[PDB]
Amino acid sequence: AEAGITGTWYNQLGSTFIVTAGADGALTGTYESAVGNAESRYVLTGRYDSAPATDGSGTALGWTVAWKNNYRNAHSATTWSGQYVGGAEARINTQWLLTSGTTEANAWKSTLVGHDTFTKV
Amino acid sequence: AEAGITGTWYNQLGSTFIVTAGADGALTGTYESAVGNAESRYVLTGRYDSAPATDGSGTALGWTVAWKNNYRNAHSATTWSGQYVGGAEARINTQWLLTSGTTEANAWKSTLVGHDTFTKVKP
Amino acid sequence: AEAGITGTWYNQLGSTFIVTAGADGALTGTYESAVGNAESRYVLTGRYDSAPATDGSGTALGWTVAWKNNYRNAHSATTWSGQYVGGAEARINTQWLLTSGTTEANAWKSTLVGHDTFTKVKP
Amino acid sequence: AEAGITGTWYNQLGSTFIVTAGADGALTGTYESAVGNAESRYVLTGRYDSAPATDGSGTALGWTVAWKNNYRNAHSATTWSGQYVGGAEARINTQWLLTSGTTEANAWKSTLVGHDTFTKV
Ligand SMILES: [Cl-]
Ligand SMILES: [Cl-]
Ligand SMILES: [Cl-]
Ligand SMILES: [Cl-]
Ligand SMILES: [Cl-]
Ligand SMILES: [Cl-]
Ligand code: NA
Ligand code: NA
């Protein structure tokens, strides 16, 4: 729990997540996607339970990335919600929502949902 | 635009969102929830598109709140993904995911999904 | 109750849902969508709790529509999960998932999520 | 595509799905869950694209199960939306929504979301 979130993680698509977990609940770092209208690293910010468990539970966390950087602006943002489980093979299991900015006419089809599993391998 | 988003907003459950949109695309503030094992204000952090399209398209954004403060700890975190629509009646329409920490065993039932609409209060 | 659900309903996008709830918990009917690459009516099938609680709790149900009929094929399917609330103004509040067939390559972007509220029409 | 959906599939939790895909788009069968306030088989009904692809795409499908049978009534329903991909190792990749019947007071927390991958192994 805690500390252990800090590091570089990769998900099944090959995207890389580099985070620092702060003693009080903050999550800061950068994200580089392997898919999308993404190009380079994007800033990410989130929050986690700094006091999880003590039944063998995971540590709830979440973070956001607005897909805009010095190279591209996809006019979308993705949020990942999930939990961290440490151990010999630590992982972060997440479900994400990706919203694109649309006109009201296309608001019904603005959000994609998926799931990503990140490991340090 | 940072401004448009900066302000106090409320949603249909009676919760309060106080946010400041920074020039760099950052979102920081506090959230007061009307439901759940929540008590007092919680810190929120998010990101938004500081350069949206010039299209009556909404401005994409998202933020997270881990439900732990100095008074309560619910061992859960919520992320909201949506867009801000400005105008006379500005709104932030979102869909959210609430994940609870659980044992591997109950992980299948760790996440709730819903939707919230926030209305800005200002004269 | 089967009845309560049986009828014609419309949602905020202007789509039409005609359903019959059978005694065994079955749902069958047709759906007319106001959006997407849809044209005409599509067949729908679902299930609902034919023995709900006796609690002003809603009646859980869900249904699917694959968007293929004799006129169009969008190579996608939508499932709606929600509950029916009866009363003077009966409503079915749902959250839906729309999955498109894609290549493994674009599977990450195969599913959309949203929410729909249906209002029953009847005098 | 088509036909190939018919059979017995299992997901990572150990739940079993037995379906018959009908020439015109219907999906019928039974489901036995490994988790929840479930007990025995429950009836399931759905729809699939009977005419998918011709770029190597999967076959979109979805189905519902109301968790009520002769033994238990959990007052909930689950819908799975996803696509079938056949081949040497066929699978059905899905995301699901589980709604429980609640009073309006708890409507905000009525729906769970997850993902399941089913194989014939
Ligand atoms: Cl990614
Ligand atoms: Cl992306
Ligand atoms: Cl809230
Ligand atoms: Cl519709
Ligand atoms: Cl299952
Ligand atoms: Cl279940
Ligand atoms: Na809330
Ligand atoms: Na629709």
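Think of each number as a place in line: the chain as shown, counted from 1.
Each Cβ is built from the backbone N, Cα and C atoms, and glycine gets one as well.
The biotin binding site annotation in Swiss-Prot covers C:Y31, C:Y42, C:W80, C:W96, C:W108. Residues or ranges marked as domain 'Avidin-like' in Swiss-Prot: C:1-123.
Other Cβ atoms within 10 Å of the Cβ of C:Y42 (biotin binding site) number 23 in total over all chains.
Of the residues the record lists as binding biotin, namely C:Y31, C:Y42, C:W80, C:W96, C:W108, the two whose Cα atoms sit farthest apart are 27 Å from each other. All protein chains included, C:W96 (biotin binding site) registers 23 other Cβ atoms within 10 Å of its own Cβ. DSSP assigns C:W108 (biotin binding site) to a helix in the three-state reduction. Counting only same-chain residues at least 6 apart in sequence, those with a Cβ under 8 Å from the Cβ of C:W80 (biotin binding site) are C:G46, C:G62, C:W63, C:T64, C:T94, C:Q95, C:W96, C:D116. Annotation for C:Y31 (biotin binding site): same-chain Cβ neighbours under 8 Å, separated by at least 6 residues, are C:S15, C:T16, C:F17, C:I18, C:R41, C:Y42, C:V43, C:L44, C:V65. Candidate binding-site residues C:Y31, C:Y42, C:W80, C:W96 yield none lying near chain A, with Cβ-Cβ distance under 8 angstroms. Helix, strand and coil counts from DSSP across the domain 'Avidin-like' (C:1-123) read 10 helix, 69 strand, 44 coil.
All protein chains considered, the CB of C:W108 (biotin binding site) has 22 other CB atoms within 10 Å.
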